[PDB]
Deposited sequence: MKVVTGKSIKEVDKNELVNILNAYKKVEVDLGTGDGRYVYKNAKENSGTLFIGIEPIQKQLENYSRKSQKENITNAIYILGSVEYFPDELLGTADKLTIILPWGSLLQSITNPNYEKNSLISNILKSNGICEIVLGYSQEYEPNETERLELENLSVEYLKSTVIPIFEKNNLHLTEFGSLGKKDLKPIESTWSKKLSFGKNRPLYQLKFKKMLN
């Protein structure tokens, strides 16, 4: 697989990756982070966990992979990948998988899901792994979560994800304390109720 460090990429094979994974008690794979900020911020806060960001365009991960290397944040690693070109080396490695949608074709449609494609989620995870999905960024925001009722939860939300081998364990709103790892608070953005949601699952 191809590891990003600034303007450069370098091949790391499975044998080398195994030596890296084995040094940590927890491994987390992070998809959809935009520029890898989430990987850097969480690595700095949890030195015992290895955080792995995967994005398809090398320039996406240039800034934070360089920051991580310069600041000796050795538990943050950044890898080229996508649904269509996913690194086999990372299958079965994650104690936690966090998906900040969108990430390409992953979970792209609620009405015609590519189940063969979405099976990546369970196959990244270890058997007792946890998946966290942050919803609200996709252009479709579709799931109507603003005024969640037990009927909609049981008849719509839970079945959509059980069809991808995910059993829902937690649902809730994101707060500004939780946005900070994902997004800069102060960077220039469009002005505009813009809610974001966090859903956690275990394997079925």
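Residues 142-147, 199-200, 213-214 of the deposited sequence, counted from 1, carry no C-alpha coordinates in the model.
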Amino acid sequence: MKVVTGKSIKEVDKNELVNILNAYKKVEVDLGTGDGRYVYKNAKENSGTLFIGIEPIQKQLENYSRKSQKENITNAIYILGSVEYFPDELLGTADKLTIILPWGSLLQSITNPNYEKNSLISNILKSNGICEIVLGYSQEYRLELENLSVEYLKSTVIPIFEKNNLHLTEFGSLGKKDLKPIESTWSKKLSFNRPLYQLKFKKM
From here on, numbers count along this sequence of modelled residues.
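Taking the mean C-alpha B-factor of each stretch as recorded, 6-14 and 183-191 are not equal, and the higher mean is that of 183-191.
Comparing 93-101 with 70-78, the higher mean C-alpha B-factor in the PDB entry belongs to 70-78. The PDB entry assigns the greatest CA B-factor among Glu62, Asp30, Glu55, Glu144 to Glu144. For the set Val150, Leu168, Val39, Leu50, the maximum C-alpha B-factor listed in the entry falls on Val150.
Annotation for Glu116: C-alpha temperature factor in the highest third relative to the rest of the modelled chain, per the entry. Sort the modelled residues of the chain by CA B factor and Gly34 lands in the lowest third. When the modelled residues of the chain are ordered by their C-alpha B factor, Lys203 lands in the highest third. In the PDB entry, a CA B factor belonging to the lowest third of its chain's modelled residues is recorded for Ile124. Among the modelled residues of its chain, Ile130 has a C-alpha B-factor that falls in the middle third according to the deposited record.
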